[PDB]
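Here the structure comes first, spelled out in structure tokens, and everything after it is commentary.
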Amino acid sequence: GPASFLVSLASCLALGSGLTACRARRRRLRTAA
Amino acid sequence: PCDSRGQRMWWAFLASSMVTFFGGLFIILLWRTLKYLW
């Protein structure tokens, strides 16, 4: 139980961090364009 | 075959759920107390 919950939490946090990082550089690095 | 239940081991699922819930509560309370006690 707890191990699966921790795995799901870590996966969700990693996915959120990756999506935020991808969107951040997609937006700033192309502010002029 | 059939009739695969000779006895009951219902405690396993209940123990897993209870340990998950109570471990979450205990770790949250420990985090709160550690923040309180720096």
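Laboratory data are not the source of any read-out in this text; all were calculated from the coordinates shown. Reconstructed Cβ throughout: ideal geometry from the backbone, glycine too, with neighbour counts over all protein chains shown.
Each residue of the protein assembly as shown gets 148 Å³ once the volume of the Cα convex hull is shared out per residue. Shown here for chain B: trypsin sites (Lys or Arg not before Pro) in loop regions (DSSP other than H, G, I, E, B) with at most 14 other Cβ atoms within 10 Å, namely B:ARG5, B:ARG8. For chain A, applying the loop criterion from DSSP together with a ceiling of 11 other beta carbons within 10 Å to the trypsin sites (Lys or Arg not before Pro) yields A:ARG30.
Going by neighbour counts of Cβ atoms within 10 Å, the residues B:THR33, B:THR20 line up, fewest first, as B:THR33, B:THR20.
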